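Below, each chain spelled out in residue letters.
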Amino acid sequence: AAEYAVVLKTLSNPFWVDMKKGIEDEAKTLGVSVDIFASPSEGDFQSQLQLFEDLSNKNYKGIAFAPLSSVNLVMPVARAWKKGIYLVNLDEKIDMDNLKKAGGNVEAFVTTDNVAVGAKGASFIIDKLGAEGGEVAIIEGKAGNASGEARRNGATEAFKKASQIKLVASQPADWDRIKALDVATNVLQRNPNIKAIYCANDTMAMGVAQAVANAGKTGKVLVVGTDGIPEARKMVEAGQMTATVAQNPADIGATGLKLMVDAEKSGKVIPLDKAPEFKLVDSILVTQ
């Protein structure tokens, strides 16, 4: 049976349920069969590396895959590439450095541009504030992590190009609704003239909308989030959170199957020296 296979992170998370449907749907259009696999828990690094390994011994033309960690699947993917399997990295980037040393490569990496995500949620505040503008802040995530710092850049640059906006306080905050509430109230005392605050995660965001529920500024103050969890989504339907910048799972999976099928057609796997393709998929701004 099937000519293509897709390993994902898990399927108890709606994010990955939406990705599966996008690869299936996109398959029915291209004329290719697909088998979608995943290991139960988000922290099953070994159980996914066993999964992938089992698939490698079957006869799949190509295999797209979302790695739990950046190095848990380097040896199976590099093996897969020597056999001539058309691999396509999804969501998070696999350690290319390690992969090089493994003697392998990938046809393409398909992810969401985290900087654009930050500018998308900052730009939403900009337009809502209007000409008048006003003061804003960015509750950052934890330092060292690229994915939250990327949202930190984009959101910063987008408010600097708006010469009617005042960035009061972009300060660190580890991914925590409690610690997000505590630095929230800190900015609301230092600068109580704030009209909105974008947060670099949906966890922090509900902790900042708690600091606005405190001072009972709910309505004037605009909270924004990222990732778009099912929880916060509801919030935004109820007027409790202003908005959140979700990803596009379905398009990431569908684009990933498209690039895999395109490499197969070519009849030759990407050279080692050749860098992979790099498609970014647009983020979505979920609003009332």
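- Per the PDB entry, the protein chain is named D-ALLOSE-BINDING PERIPLASMIC PROTEIN, and its organism is Escherichia coli.
- The deposited PDB record carries the title "Hinge-bending motion of D-allose binding protein from Escherichia coli: three open conformations".
- Under the UniProt heading Subcellular location, the entry covering the protein chain gives this text: "Periplasm".
- Taken directly from UniProt, the Sequence similarities text for the protein chain runs: "Belongs to the bacterial solute-binding protein 2 family."

1. Some details on the domain arrangement of the protein chain
Move 1: Per the domain assignment, the segments making up the protein chain are domain 1 (1-110 + 250-278) and domain 2 (111-249 + 279-288).
Move 2: Once you take the C-alpha centre of each, domain 1 and domain 2 turn out to be 32 Å apart.
Move 3: With 15 residues of domain 1 at the interface, the matching set in domain 2 holds nine residues.
Move 4: Across the domain 1/domain 2 interface, buried area totals approximately 1,100 Å², and carbon plus sulfur atoms make up 66% of it.
Move 5: The largest contributions to the domain 1 side of the interface with domain 2 come from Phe 15, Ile 252 and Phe 278, which together make up 44% of the buried area.
Move 6: The tally of links between domain 1 and domain 2 comes to zero salt bridges.
Move 7: If you look at where domain 1 meets domain 2, you find eight residue pairs in polar contact.
Move 8: Those elements that place two or more of their residues in the side of domain 1 that touches domain 2 are α1 (14-30), β5 (108-111), α10 (249-266) and β11 (277-280).
Move 9: A per-element tally of the side of domain 1 that touches domain 2 places α10 first, with six residues.
Move 10: Tallied by class, residues from the side of domain 1 that touches domain 2 come to nine nonpolar, two polar and four charged.

2. Looking at the packing of aromatic side chains
For any pair of aromatic rings, geometry is given as the distance between the ring centres together with the angle between the planes.
Move 1: The tally for this structure, following the rule as stated, stands at three aromatic pairs.
Move 2: On the numbers, 6.0 Å between centres and 35° between planes, the contact of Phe 109 with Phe 278 is tilted. One end of the pair, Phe 109, is in strand β5; the other, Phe 278, is in strand β11, with 169 residues separating them in the sequence.
Move 3: Its relative accessible area of 8% is what places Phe 109 among the buried residues.
Move 4: With relative accessibility at 47%, the residue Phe 278 sits in the partly exposed group.

3. Looking at the nonpolar core
Move 1: In this structure, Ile 139, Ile 197, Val 208, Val 223 and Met 241 are the most contacted members of the largest nonpolar core, which totals 26 residues.
Move 2: No other element matches the seven residues that helix α8 (residues 202-214) contributes to this core.
Move 3: Discounting chain neighbours no more than four positions away, the residues touching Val 208 are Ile 139, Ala 180, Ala 184, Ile 197, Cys 199 and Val 223.
Move 4: Core analysis: the second largest hydrophobic core is formed by 23 residues, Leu 8, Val 32, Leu 90 and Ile 252 among them.

What counts and how
- Residues numbered from 1 in each chain as written, not as in the entry; some residues may be left out.
- Heavy atoms only, no water.
- UniProt positions renumbered as here; feature names shortened; annotations may be inferred.
- Domains from an automatic or database assignment.
- Contact = heavy atoms within 4.5 Å.
- Buried area = accessible area lost by both parts, 1.4 Å probe.
- Salt bridge = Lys/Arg side-chain N within 4 Å of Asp/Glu carboxyl O.
- Polar contact = N/O pair within 3.5 Å; in protein donor to acceptor, adjacent residues only side chain to side chain.
- Helix = DSSP H or I, 4+ residues; strand = E, 2+ residues; numbered from the N terminus.
- Nonpolar A, V, L, I, M, F, W, Y, C, P; charged D, E, K, R; others polar.
- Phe/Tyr/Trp six-rings, centres within 6.5 Å; stacked < 30°, edge-to-face > 60°.
- Buried < 20%, exposed > 50% of the residue type's maximum accessible area, 1.4 Å probe, protein only.
- Core = buried A, V, L, I, M, F, W, Y, C linked by side-chain atoms within 4.5 Å.

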